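Each remark here refers to the structure printed beneath this line.
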Amino acid sequence: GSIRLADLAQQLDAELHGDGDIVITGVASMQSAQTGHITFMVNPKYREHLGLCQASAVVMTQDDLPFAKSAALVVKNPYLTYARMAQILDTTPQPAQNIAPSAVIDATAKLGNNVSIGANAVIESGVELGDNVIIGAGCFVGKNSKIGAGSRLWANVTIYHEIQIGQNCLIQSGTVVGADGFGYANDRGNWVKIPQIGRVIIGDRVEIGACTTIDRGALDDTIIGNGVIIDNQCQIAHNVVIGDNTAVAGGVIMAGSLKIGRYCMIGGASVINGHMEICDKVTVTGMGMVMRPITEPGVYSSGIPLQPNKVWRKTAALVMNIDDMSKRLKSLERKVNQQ
Amino acid sequence: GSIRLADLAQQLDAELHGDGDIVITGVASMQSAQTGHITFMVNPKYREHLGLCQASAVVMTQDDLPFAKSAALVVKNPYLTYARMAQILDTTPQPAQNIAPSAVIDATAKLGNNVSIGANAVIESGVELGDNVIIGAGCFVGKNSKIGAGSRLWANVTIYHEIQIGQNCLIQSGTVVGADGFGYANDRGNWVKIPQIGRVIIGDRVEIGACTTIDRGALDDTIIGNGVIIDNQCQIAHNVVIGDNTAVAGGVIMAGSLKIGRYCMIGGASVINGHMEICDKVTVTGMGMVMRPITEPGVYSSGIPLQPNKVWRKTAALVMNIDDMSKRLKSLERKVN
Amino acid sequence: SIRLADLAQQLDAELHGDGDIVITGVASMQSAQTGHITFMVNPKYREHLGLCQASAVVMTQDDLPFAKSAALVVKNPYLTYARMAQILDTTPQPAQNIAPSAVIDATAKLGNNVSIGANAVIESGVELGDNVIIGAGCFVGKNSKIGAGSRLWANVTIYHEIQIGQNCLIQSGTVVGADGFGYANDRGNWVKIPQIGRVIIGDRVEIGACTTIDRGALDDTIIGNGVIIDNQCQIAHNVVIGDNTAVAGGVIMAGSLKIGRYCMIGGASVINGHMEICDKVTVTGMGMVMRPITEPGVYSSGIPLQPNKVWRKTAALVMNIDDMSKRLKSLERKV
Ligand SMILES: CC1(C)CC(=O)c2c(nc3nn(-c4ccccc4)c(O)c3c2-c2ccccc2Cl)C1
Ligand SMILES: CC1(C)CC(=O)c2c(nc3nn(-c4ccccc4)c(O)c3c2-c2ccccc2Cl)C1
Ligand SMILES: CC1(C)CC(=O)c2c(nc3nn(-c4ccccc4)c(O)c3c2-c2ccccc2Cl)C1
Ligand SMILES: [Mg+2]
Ligand SMILES: [Mg+2]
C-alpha cells in the first residue's frame with residue numbers, strides 16, 4: 001500500500017519536484033485530500049486554489065508547476081496518471097480469499113494456482129478456473145464453463161453453462177451471463193420454447209457492470225470482444241456480437257443478432273434493434289433509438305428533450321398532428337405558385 | 001441424447017426421405033452443422049446452398065425436397081419442427097439434481113416427488129413444491145409460496161412469500177417475484193410506507209427472463225396469465241394483470257395497475273403507464289411510449305429514430321419550437337387568404 | 001386482531017358505528033369481507049357502498065351520508081390507509097435469529113435483536129445495528145455499516161465501505177456499492193479507474209428490487225433521508241439525491257447528477273449527469289433530461305403512441321422538419 005513519493009513517481013514515469021521521501025498512503029480528491037494523500041489537477045482554473053489543497057503531492061502538467069504549493073508530479077496526462085496511481089494505491093478488497101469451507105464445488109472442477117472462491121459460491125461440474133481467478137461469495141458457475149486467468153466475479157454473479165470468459169475480466173454483482181435468449185416458435189398462439197444451445201464467449205479484459213444480462217445464443221454464440229466495457233442494467237440479447245474496445249453505458253438494451261463494431265460508444269439508456277450492423281467507431285448518444293444499420297462512423301442522436309409540462313403538452317399535440325401541418329404547407333405553396 | 005433419424009422423424013410427424021438408420025446427435029445451424037447434426041431450412045434461397053451443408057439431415061418443405069443433398073425430413077412448418085427437435089435433442093442441463101446437503105429447507109416445507117434443489121438454496125416455512133420441480137442453486141423461496149409441478153428456477157432466483165406459480169414454468173436467474181410494490185402515502189413531504197399485502201399469481205407455462213422484477217400487489221394481486229413469455233430486465237409493477245399468451249420483450253417497464261389483455265405483444269424497452277387498460281391483440285413496437293389506454297386491437301408505435309448528430313440538433317430544436325412554426329404557418333395562411 | 005374503537009383511536013379517526021367490531025386485516029373495497037377494514041378516496045364509490053362487505057370503511061366527512069357500514073372519518077383516507085395497513089401488516093420478516101448456515105466474519109459487530117438469514121455472508125469489519133435483519137443469501141462487504149432497524153430482503157448485495165442509516169428497507173436483487181463506470185483511455189484502450197469512494201444512504205430509505213447504486217470514484221454517492229427508489233433503477237457514481245425525493249421504476253441516472261429535495265422522478269426517465277435539478281421538480285415518465293432544472297414545477301418529454309400507420313407519417317415528417325422549416329421560410333419571403 002504505502003509508497004515513497006519518489007518510487008510512485010518512477011512507476012508513473014512522472015517528473016518529481018519535491019521531497020521523494022514523502023510517504024503516500026492513498027489517492028483522494030483535491031477537496032478531500034489530507035496529509036499522506038496524492039491528488040491530481042486536470043483543470044488549471046484550480047491553480048489559484050492549490051494552497052487550499054492539503055494533499056502531500058499533486059499530479060499536474062509542466063504549465064501548472066509554477067503554481068504548485070506542494071510536492072508535484074509533472075506528467076503529460078494527469079488524468080491517465082490518476083488512473084494509474086489509483087490502481088497502484090487501490091483500496092478495493094478482493095471478492096474472496098482462499099477457498100471458503102461453505103463453497104460447494106463439484107469434484108470435477110479444475111482450479112489453477114492461487115484461485116479464491118467465496119463463501120457459499122456454487123461451482124458446477126466441468127468448470128475450469130484459471131490461475132488467480134476470484135469467485136465472490138454466493139456466485140453460481142454452471143456446467144463446463146471456463147473462466148480465464150486473472151478474472152474476478154464479485155458476489156452473487158450467475159454464470160450459466162458452457163460459458164467462456166477470457167483473462168483479466170471483472171464482473172460486478174447481480175449480473176447474469178448465459179441465460180436463455182428470448183427464442184420461441186408459435187403454434188396457434190401457443191409459444192413453443194426454442195432451446196438456446198449456443199453460448200456466450202467473452203474475451204479478455206472485459207468489464208461488466210451490475211445487474212447486466214448477456215443471453216446465450218440460440219445455436220451459434222453471443223460474442224463480446226476484448227477490452228469491452230459494459231455498465232449496469234444492460235441487456236445483451238442472444239447472438240449479439242460486440243467488437244473490441246466498444247463501451248456500453250448504463251441501461252442499454254440490445255436486441256437479438258445485433259452486430260456492433262470496434263471502438264463504438266453507446267450512450268446510456270439507448271435502445272438498439274437487432275438483425276442489423278453498426279460499423280466501427282460509431283457513437284450513439286444517450287437514449288438513442290437505433291432502428292436502422294449504421295454504415296459510417298460518427299456521432300448519431302435521437303430524442304426530443306424535456307420542456308415545462310404545459311409547453312410539452314402543446315409540443316406533443318402539434319407533433320402528433322404534423323401531417324396536417326405538412327398538408328397545409330403544401331396547400332399554401334400551391335397557392336403561392338398560382339396553381 | 002442420440003436418436004435414429006427414423007425415430008426422430010416419427011416423433012416430429014415428418015416424412016423421412018433418406019436413411020432412417022442415420023444417428024442424430026444434436027441440432028446445429030445450417031452453417032455450423034457437421035455429421036451427426038440435424039438442421040433446418042426455412043429460406044428457399046438456400047436451396048442452391050444445401051450441397052455446402054455438412055448436416056446428416058435437413059428439415060425442409062415438400063417444395064424444397066428436389067433440392068435436397070442429404071437425408072430430408074419433409075414437414076409443413078420447418079421452424080416449428082426445429083423448435084420441437086431442439087427440445088428432443090436439448091443439451092441444456094437441469095438447474096439441480098437431487099436435494100443438495102447445503103440447501104436449507106424448513107421442516108414444514110412440502111416437497112412432491114422427484115424435486116431437485118440446488119446447493120445453498122433456501123426454502124422457507126410452508127413452501128410447497130410440486131412433483132418434478134427444480135430449484136436452482138442459491139435461490140430463495142419465501143414463506144407459504146407454492147410452485148407447481150414441473151416448474152423450474154435457475155440459480156439465484158428470489159421468490160418472496162405467498163407467491164403462487166403454476167406448472168411447467170421457467171424462471172431465469174436474477175429474477176425477483178413478489179417484492180413490495182412502490183406504495184407510499186405522503187405526509188407533509190415524508191413518505192409513509194403502504195405494506196404490500198397482496199400477492200403474485202403466475203399461471204402455467206410462463207417463462208420469465210433474467211433480472212426481471214414482478215412486484216406483489218398492494219391488496220389484491222399481481223397476475224400473470226398462462227402461457228405468457230417475459231424477457232430480461234422487465235419491471236412488472238404491483239397489481240399489473242397480464243393476459244394469457246402475451247409476450248413482453250426485454251427492458252419493458254410497466255407502472256402499477258396496468259391491465260394488458262390476451263395475445264398482446266409488447267416490444268422491447270417500451271414504457272407503459274399505469275391505472276389503465278390495453279385490450280386483447282395489441283402490438284406495441286419497441287420503445288413505445290404508452291401513456292393512454294388502448295381500446296382497439298392493432299399495431300401502435302412511437303418515437304423519433306436516430307439521425308446524424310448534426311441533423312438531430314436541428315430536428316430537436318425545431319420540434320421544441322414547433323408552436324412558433326405553427327403560429328407562423330397560421331399567419332402566412334391569413335396573409336395569403 | 002384489533003377492536004375498531006382501538007384502531008380508530010390509534011388512527012386519530014372519528015368512529016361512526018360499533019366500536020367493538022373486531023378488525024383482522026385490510027382489504028380492497030371490492031374484496032373486503034367481514035373483519036376487514038377498507039378505505040375510499042374516490043367519490044364514484046359512494047353509490048355502491050351497500051355492496052361493499054367490509055366491516056368498516058375509512059372515508060371523509062362528505063362521504064359519511066353514503067356510509068352503509070361502520071365508518072372512520074378522517075381528513076386523508078389514503079394516508080390513514082397507509083397507517084392502518086402498517087398496524088395490520090402481515091408481511092413476514094426476511095429472517096428470524098442467526099442462521100447456522102450464515103457465514104459471519106468473527107470481526108463483525110451485531111447489535112441486539114439482529115437476525116441473519118440462511119447462507120447470508122457477512123464480511124470482516126461489518127457493523128449491524130440493533131434490530132437489523134439481513135435476508136437469506138445476502139452479501140455485506142468489508143467494513144460496511146447498517147444502522148438500527150434497517151432490513152435487507154433475500155439476495156441483496158452490499159459492497160465494502162458502504163454506510164446505510166436507520167429504518168431502511170432494501171428489496172431483493174439490489175446491488176449497493178458496485179464500481180462506478182470510470183475509465184481513462186490510453187490510445188483506445190480503456191484503463192480502469194478504481195472507484196474508492198463509497199455510498200452513503202440516509203435514514204428511512206427504501207430501495208426496490210434489482211436496483212443498482214454505484215460507489216463514488218473518490219468522494220461518495222449520497223442518498224438522502226426518506227428517499228424512495230423503485231425497481232430496476234441505476235444510480236451512477238457520485239450521484240447525490242436530496243431528502244424525501246422519490247424515483248419511480250427503471251430510471252437511469254448518470255454520474256455526478258445532483259437532485260434536490262422533494263423531487264419526483266417518473267418511471268423510465270433518463271437523467272444525464274454533471275448537472276443539478278433543484279428542489280420540488282417533477283419529471284413525468286420517460287423524461288429525457290438533458291439540461292439542469294433550476295425552477296420547481298412539472299416537466300415532460302416524448303412524442304406519445306399513435307397507430308402504426310399514423311406514426312410512420314409522424315416520424316418521417318419530424319425527421320424532415322428542417323426541410324419544412326426551410327420551406328416555410330421561403331414561403332414567408334415570397335409572400
Ligand atoms: C465510458 C466512459 C468512461 C466514457 C463515456 O463516453 C461514457 C461514460 N459514462 C456514461 N454514462 N452515460 C450515461 C448517460 C445517461 C444515463 C446513464 C449513463 C453515458 O452515456 C456515458 C458515456 C458515453 C456518452 C455518450 C455516448 C457513449 C458513451 Cl459510452 C464513461
Ligand atoms: C417473442 C419473439 C419470439 C417474437 C417477438 O415478437 C419478439 C421477440 N424478440 C424481441 N426482441 N425485441 C426487442 C426489441 C428492442 C430491444 C430489445 C428487444 C422485441 O421487441 C421482440 C419481439 C417483439 C417485437 C415487437 C413487438 C412485441 C414483441 Cl414481443 C421474439
Ligand atoms: C412515489 C409514488 C407514491 C407517487 C408518484 O408520484 C409515483 C409513483 N409510482 C410511479 N410509477 N411511475 C411509473 C411510470 C411509468 C413506468 C413505471 C413507473 C411513476 O412515474 C410514478 C410516480 C410519479 C408520477 C409522476 C411523476 C413522477 C413520479 Cl415519481 C408512486
Ligand atoms: Mg451454505
Ligand atoms: Mg430502460
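When a ligand or atom number is given, it counts from 1 through the structure's own listing order. Below, chains carry the letters A, B, ... as their sequence lines are ordered, and counting in each starts from 1.
At the top of the distance list for atom 29 (Cl) of ligand 1, counting protein heavy atoms only, stands A:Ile266 O, 3.6 Å. Closest to atom 17 (C) of ligand 1 among all protein heavy atoms lies C:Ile252 CG2, 3.5 Å. In this structure, atom 12 (N) of ligand 1 lies nearest to the protein heavy atom A:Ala249 CB, 3.5 Å. Atom 1 (C) of ligand 1 has its closest protein heavy atom at C:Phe181 CE2, 3.4 Å. Nearest protein heavy-atom neighbour of atom 3 (C) of ligand 1: C:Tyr183 O, 3.6 Å. Of the protein's non-hydrogen atoms, B:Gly268 N, 2.9 Å is the one closest to atom 20 (O) of ligand 2.
Between A:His238 and A:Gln196, some side-chain heavy-atom pair lies under the 4.5 Å cut-off. The shortest distance between side-chain heavy atoms of A:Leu170 and C:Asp179 falls below 4.5 Å. Put simply, the side chain of C:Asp186 reaches to within 4.5 Å of the side chain of A:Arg84, judged on heavy atoms. Within the 4.5 Å cutoff, the side chain of A:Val248 has no heavy atoms near those of the A:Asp231 side chain.
Here A:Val284 has backbone heavy atoms under 4.0 Å from ligand 1, and that is the only part of it that gets that close. Contacts with ligand 1 closer than 4.0 Å are made by no heavy atom of A:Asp231, backbone or side chain.
Judged purely by atom type and a 3.5 angstrom limit, A:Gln233 has no side-chain atom pairing as donor or acceptor with the backbone of B:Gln233. Proximity of a side-chain donor or acceptor of B:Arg262 to a complementary backbone N or O of B:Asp280 within less than 3.5 Å is not detected.
For atom 27 (C) of ligand 1, a protein non-hydrogen atom is found at a distance below 4.0 Å. Atom 7 (C) of ligand 1 is never approached by the protein to below 4.0 angstrom, counting heavy atoms only.
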query: Can A:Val271 and A:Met287 be said to form a side chain to side chain contact (heavy atoms under 4.5 Å, CB included), step by step?
result: CA-CA 7 Å; A:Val271 179; A:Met287 215 175 183; over 6 Å; no

task: Begin from the C-alpha positions of C:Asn238 and C:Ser256 and carry the test side chain to side chain donor-acceptor pair (under 3.5 Å) through to its verdict.
output: CA-CA 5 Å; C:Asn238 300 97; C:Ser256 292; 5.0 Å; no

query: Given the rule in the side chain to side chain contact (heavy atoms under 4.5 Å, CB included) test, do B:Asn245 and B:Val228 qualify, once you have shown the distances and angles that lead to the verdict?
result: CA-CA 4 Å; B:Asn245 291 283; B:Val228 167; over 6 Å; no

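Atoms OD1 of A:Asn120 and OD1 of C:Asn119, as seen from the Mg ion (ligand 4), are separated by an angle of 80°, to the nearest 10°.
Under a 4.0 Å criterion applied to the non-hydrogen atoms of A:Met265, ligand 1 contributes the atoms 27 (C). Shown in contact with C:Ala254 at under 4.0 Å from a heavy atom are these atoms of ligand 1, numbered in order with element: 13 (C), 14 (C), 15 (C), 16 (C), 17 (C), 18 (C). The ligand atoms of ligand 2 that sit less than 4.0 angstrom from a heavy atom of B:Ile229 are 1 (C). Within the listing of ligand 1, atoms 26 (C) sit less than 4.0 angstrom from a heavy atom of A:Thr283. Near C:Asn272, the atoms of ligand 1 lying under 4.0 angstrom from a non-hydrogen atom of the residue are 14 (C), 15 (C).
Residue C:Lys192 qualifies as enclosed at atom NZ: its count of foreign heavy atoms under 6.0 Å is above 12.
Under a 4.0 Å heavy-atom criterion, A:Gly267 is in contact with ligand 1. Remark: distances from the non-hydrogen atoms of A:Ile194 to ligand 2 are all 4.0 Å or more.
Contact check on B:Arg205 versus B:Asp244 returns no salt bridge, with no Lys/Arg side-chain nitrogen under 4.0 Å from an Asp/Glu carboxylate oxygen.
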